[PDB]
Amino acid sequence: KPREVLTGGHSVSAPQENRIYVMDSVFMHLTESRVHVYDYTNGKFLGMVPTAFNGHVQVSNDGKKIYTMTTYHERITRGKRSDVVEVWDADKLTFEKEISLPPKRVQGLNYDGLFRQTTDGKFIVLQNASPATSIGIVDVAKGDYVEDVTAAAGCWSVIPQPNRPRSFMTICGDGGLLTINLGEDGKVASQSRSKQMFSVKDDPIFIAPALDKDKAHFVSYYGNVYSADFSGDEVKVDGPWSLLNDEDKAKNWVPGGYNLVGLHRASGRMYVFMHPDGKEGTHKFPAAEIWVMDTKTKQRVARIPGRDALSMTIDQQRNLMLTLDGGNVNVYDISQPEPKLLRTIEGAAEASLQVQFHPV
């Protein structure tokens, strides 16, 4: 005769369009990393997905499944290793399928380009290191690791191309970009190398891209900007053009952070985390300010406090930007040139450098 009865099997209370994902590496205890799910409209905690050791994460384009990547060990600190890709239901937040991966999936900080998916959502494109690098391909429908893109050896990160069903690029030690065009079977149909874009030693760029529909902008340690137009058959690279005017140089401003840039495609506005008094070793410093650049005019149009943020993400449809300082998620309105701070979700994570909106 108990009045109440505990029940489970419930779906996320808030609608997808409201959800964002904070990937908590929980570095101090990295074997228990998880993804925290939030309602950006109210900062409410909606749930989570445990990602074991140094897990990475992303949401399926159709916005129905939550793809995660991580490493297990029969005994955690000892025993056979199993690197897998897991497919979780986005609304029930439940495990559904495990996909075997060669024991070399990247193990490091959560940069977006390390765990992405083709534009047509058919394949998941992940990064490998053993330490030799290579890009892995997973057939979502087949639930199997289909291709080991070894031509990407000596390269790093994955920049999907929004204008092609199943193509992506990667930055290489030669300062050029390697394009990989997948065939329907998930294997390398064709490839192409671009001309040098930047100098690996004189002006290294951040792997984090400012992605448009047919072009990607990158910023360098010294405040320069490079580009990769992939509207044509082959990639035409360009740059560099400085983000700094003469006074900005006098104060030594430079870009700093991890997923430190973002692009509001509808306005061509590019966002970057900047910190004055830059020099060797400051490329990962918290953001002292967020700079707003107009890519058409190559000029700064707005600058605001960075609230010690390190990573950001942009939601095109709602014209939003999310900044994260490792533990706090800030919500900005970029419908205007100057960003407008809407709210701060405190303690979204203990140690997170990545945050993403549920697709809409």
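We number the residues from 1 along the sequence you see.
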- prompt: If you average the CA temperature factors over each stretch, which comes out higher, 231-239 or 95-103?
  reply: 231-239
- request: Output the stretch having the higher mean C-alpha B factor in the entry; the candidates are 149-157 and 285-293.
  value: 285-293
query: Of the options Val140, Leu178, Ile135, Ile207, which has the highest CA B factor as deposited?
result: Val140
query: Which one of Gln127, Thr119, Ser220, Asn252 shows the top CA temperature factor in the record?
result: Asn252
task: Would you check the entry's CA temperature factor for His264 and let me know if it's in the chain's lowest, middle or highest third?
output: highest
- prompt: Which third of the chain holds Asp308 when residues are ordered by C-alpha B factor: lowest, middle or highest?
  reply: highest
- line: So, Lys187's CA B-factor, relative to its chain, sits in which third? The middle
- prompt: Ranked by Cα temperature factor within the chain, is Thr51 in the lowest third, the middle third or the highest third?
  reply: lowest
message: Lowest, middle or highest third: which one holds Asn163 when the chain's residues are ordered by CA B-factor from the entry?
response: lowest
